[PDB]
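In: Before I ask anything, here's the sequence and the deposited coordinates:
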Amino acid sequence: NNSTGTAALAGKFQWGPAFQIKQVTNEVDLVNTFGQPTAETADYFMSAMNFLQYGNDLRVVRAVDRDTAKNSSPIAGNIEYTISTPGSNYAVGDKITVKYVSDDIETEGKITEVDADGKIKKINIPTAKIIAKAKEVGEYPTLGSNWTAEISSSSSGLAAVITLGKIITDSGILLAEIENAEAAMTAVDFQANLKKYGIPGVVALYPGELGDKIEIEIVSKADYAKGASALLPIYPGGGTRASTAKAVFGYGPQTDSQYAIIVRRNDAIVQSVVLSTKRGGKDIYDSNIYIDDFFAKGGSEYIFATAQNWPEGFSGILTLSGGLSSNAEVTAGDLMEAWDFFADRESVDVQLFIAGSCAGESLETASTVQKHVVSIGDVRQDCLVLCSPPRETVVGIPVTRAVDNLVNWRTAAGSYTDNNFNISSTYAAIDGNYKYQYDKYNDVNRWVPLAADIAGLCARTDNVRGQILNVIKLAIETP
């Protein structure tokens, strides 16, 4: 395609997919997918963006901390609670009351599952009011000490003991690759709470606080006819809200195990589908609409779900929260794990390697990541690993000091003996100052690794050096 200028980029982004070789072609198409540049993301958004200027195709891989990244979920609003002593002779809509020091805060809780003897098996306490009061008095999400829960005064039956913990802030789920896809959606620990708080397994598709803006609306074949009147409840916040299902769908839920799903971000009805919890079942087109499969195959850009522990006849409003992409602490290695996704010609045909994108990171990682990226093009020898200097070394100081630094770094010598870049590949193209662009998003002038740019400048000229596009200043010039 002029010799198939396929770039390759890996780094931290505001939005997943995490650890996936998702391909990108437009700017407005990468924003859609990994979108705005945060002050922790900048140099990677730019890296891509100002490449797609000379760019046909870009293959990226988002680096997430696997240990602390989180996909927004419906678990992450609820409130710890443990039925210390199941009562007896209780029933199902017996109301529960959460007090703050003998003072009523929430009074809309309610037992929701008993057995034959009235032994309390499951309850549901809305946290809208309490997290409010709790935030308001420093006890968030700690809680516990002055926070108490009693039953109606009273339900038919007696003896019970509910014990309150903290406000759960761990969404309890992270989706990365798809080999693990619903396998994380089906972890004892996760699936556990989906039972405990009687909700379905519906989570945001990509790690990130950006997922908190999603709001699923679920209606079953049951409350679908009453679709207008049916007053869907809101988990975990509380309160209700008139359904909308029949007022958005023509083709309504067919079988009793089919549900209407309406996904919203910012009041926008981002997606609208009908799915089934029973394998095989299809729409009027023999399209397998069994939940687990539908999503298993790029079914939805926004969310991801699993029929497992999906409450029968469940209808309500799910509120995703606790969503948490942490670039906060993506370790250098967490980057190298990512880059590795390209280290075999068997798998990915990628011609160029945007590497300078780490220019800004911890000087150490600035060097050791790239250094390693070179050792991927080296061992594969179907590419160009192009690489740029660390901001530290080139942007602040005057040229006098500037060059001294660069040359020391390229060997060992003075200050950068340790974090050197002392390698020598015929595939290694290093990258020689650092560019000063304007950031149409944050609306600020910003220094970015120049390598990202020249790489697109290659996909161009011949097959894979002529002024660069959007520069407005270079660290050194020229002369």
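Out: Thanks, I have the structure now. Residues are numbered from 1 along each chain as shown.
In: looking at this, residue 234 is in a strand?
Out: Yes. Assessed by DSSP: H, G, I helix; E, B strand; the rest coil, residue 234 belongs to a strand.
In: So that it lines up with my notes, have the first residue be 298 from now on.
Out: Sure, I'll start numbering at 298, so the last one becomes residue 531.
In: Kindly state the beta-bridge partners for it.
Out: With DSSP bridges as the criterion, residue 531 is bridged to residue 614.
In: Let me know how buried it is, in neighbour terms.
Out: Neighbour count of residue 531, defined by other Cβ atoms under 10 Å: 18. Every residue, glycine included, has its C-beta placed from N, CA and C.
In: quick one, what contacts it?
Out: By Cβ atoms under 8 Å, 6 or more residues apart in numbering, the contact set of residue 531 is 423, 537-538, 613-614, 616.
In: Give me the buried subset of those residues.
Out: 423, 613-614, 616 (16 or more other Cβ atoms under 10 Å).
In: any idea which of those is the one closest to residue 601?
Out: Distance to residue 601 across those (Cβ to Cβ) is lowest for residue 616, with 16.4 Å.
In: quick one, phi psi at residue 490?
Out: The phi/psi pair for residue 490 (degrees, to the nearest 10) reads phi -70, psi -30.
In: Touching, it and residue 375? I think so.
Out: Yes. If you go by Cβ atoms under 8 Å, residue 490 and residue 375 touch, sitting 7.4 Å apart.
In: Give me the common contacts of these two.
Out: Common neighbours of residue 490 and residue 375 (Cβ under 8 Å, 6+ apart) are residue 465.
In: can you pull out the helices in the stretch 298-447 of the chain?
Out: Counting by DSSP state H, counting those that start in this stretch, the stretch 298-447 of the chain has helices at residues 325-331, 339-346, 425-433.
In: closest to residue 735 out of those?
Out: Evaluated with Cβ to Cβ, the helices of the stretch 298-447 of the chain place helix 339-346 nearest to residue 735, the distance being 10.2 Å.
In: what residues does the closest one touch?
Out: For helix 339-346, the surrounding residues in contact (Cβ under 8 Å, 6+ apart) are 306, 308-311, 321, 324, 327, 331-334, 355, 357, 651, 653-657, 734, 736, 738-739, 743, 745-746, 749.
In: do you know which of the helices of the stretch 298-447 of the chain lies nearest residue 502?
Out: Taking Cβ to Cβ, helix 325-331 is the member of those nearest to residue 502, at 10.7 Å.
In: Packing partners of that closest one?
Out: Judged by 3 or more Cβ pairs under 8 Å, 6 or more residues apart in numbering; DSSP states H and E, helix 325-331 is in contact with strand 320-321, helix 339-346, strand 354-359.
In: for the ones you listed, which one ends up most surrounded?
Out: Sort the helices and strands packed on helix 325-331 by mean neighbour count, taking mean count of other Cβ atoms under 10 Å, and helix 339-346 sits at the top with a mean of 25.
In: chain center to that helix, what's the gap?
Out: The chain centre lies 18 Å from the centre of helix 339-346; the measure is Cα atoms, centre = their mean, to the nearest Å.
In: ditto for stretch 429-448
Out: 29 Å.
In: could the buried ones among the contacts of residue 531 go into TSV alongside distance to residue 444?
Out: Output for those, formatted as TSV (distance: Cβ to Cβ, whole Å):
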residue	distance to residue 444
423	14
613	25
614	25
616	21
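In: For the spatially most central residue of the chain, give me its contacts.
Out: Central residue of the chain (Cα atoms, centre = their mean): residue 504, 1.4 Å from the mean position. By Cβ under 8 Å, 6+ apart, residue 504 lies in contact with 313, 315, 361, 366-368, 471-473, 620-622.
In: Over to residue 453?
Out: Taking Cβ under 8 Å, 6+ apart, one finds 386-388, 391, 415 in contact with residue 453.
In: what do you get for residue 419?
Out: So residue 419 contacts 408-410, 492-493, 495 (Cβ under 8 Å, 6+ apart).
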